[PDB]
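Have a look below at one chain only, the form deposited in one PDB entry, in structure tokens format.
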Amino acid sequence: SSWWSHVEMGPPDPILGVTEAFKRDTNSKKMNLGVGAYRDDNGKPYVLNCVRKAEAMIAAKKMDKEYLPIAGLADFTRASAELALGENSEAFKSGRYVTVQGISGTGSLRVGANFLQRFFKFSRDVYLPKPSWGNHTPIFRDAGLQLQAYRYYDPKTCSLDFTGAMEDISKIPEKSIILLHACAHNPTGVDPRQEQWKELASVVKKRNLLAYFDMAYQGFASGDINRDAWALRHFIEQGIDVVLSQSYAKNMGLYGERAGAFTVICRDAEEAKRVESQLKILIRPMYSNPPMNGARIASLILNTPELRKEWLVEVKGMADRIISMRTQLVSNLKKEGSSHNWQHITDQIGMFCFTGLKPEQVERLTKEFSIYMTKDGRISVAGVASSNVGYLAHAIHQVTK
């Protein structure tokens, strides 16, 4: 034996550690700001009503559990493309796209990474924003690509280093791969404004880079599915043929069901089919075919007018609660007599917020107020409720005064 004696204990996960440490807390006051999923005003997981409705519909039909095609549920992939691209989008209407179901957003990103490793002969380099979601690194590295970075977040203003971004991108070698977060940047919450986006599109076009969009928060960011996909649609319209990963984890609250899709924009329908054949060859030896549950739910919702309609109301409802918490934290910090500038809290979008707090401060927060978050000053706004926003503002004020 002794096959594994040399296998060492891997590094402990920080996110994991704050939740765990949060749990062993006795403060009734305590708060978990490291939670990566949406929570209602009561701090509870939220299953959408449109989701429960779709499940009752599925149940009623007494559906089989037979394998889906390698590429996934056709009603799902089509609807997914439609949601992303837009109903009257030329890319959509001509059928010059290829969409395959992936295991949520992460599985979709990996499939894409693997596809690029295999067929993107022009380069091995992937440029991630500084910083980006931690998983981005291993996804691409494991796939066999090299990681590079472009300036993005400005720690001085807790906003976008637009100038730094433009300078870096301008210098990226032609035909390199650039990863862009479609909206609700993770982990900062800092997104380019529509006008900066047009400028970014132009440089990307000029450098003839392959733009890879990570779209995990469509609709969940601003409450508007069209506005959330604006940037993506802009690049395509500018004639940039992107690659994209979509997640239904957050926008439909499908977390554990794992529904997502990977899309490639091709020159034509003919090319899309060639590309499609190769994606199938790639997926087979990965997991054979995708999990059916989440795809069935998502497909029902997107394809049934009445459910799609209720869905839009509910996503807006989630986006609104987050926006409300941001607004309330700022007002409450002001009311406390805080002299610092906290406008970044309201300028930021989505679930994550880069507070600008320093590590020793985060520490004071955990130690004396029972407020759990990562040492990078990142807080999950999902963890803030109307009932504790006051408490958090006070604590923050105390530690920063």
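Counting begins at 1, following the sequence as shown.
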Mean C-alpha B-factor higher for 309-317, or for 278-286? 309-317
Going by the B-factors listed in the PDB entry, is the mean over the C-alpha atoms higher for 344-352 or for 369-377? 369-377
Specify which of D224, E82, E257, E199 carries the largest Cα B factor in the deposited PDB entry. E199
Would you mind checking which of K156, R110, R78, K250 has the top Cα temperature factor in the PDB entry? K156
Ranked C-alpha temperature factor of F115 among modelled chain residues, by third: lowest
Going by the recorded CA B-factors, say which third of the chain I103 sits in, lowest, middle or highest. lowest
How does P192 rank on Cα B-factor within its chain, lowest, middle or highest third? middle
Using the temperature factors of the C-alpha atoms in this entry, rank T327 within its chain: lowest, middle or highest third. highest
Compare the C-alpha B factor of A269 with those of the other modelled residues in its chain, then answer lowest, middle or highest third. highest
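The form deposited in another entry is left out here; the points below concern that form.
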The rigid-body motion between this form and the one not shown pivots at a hinge, and of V362, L254, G112, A319 that hinge residue is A319
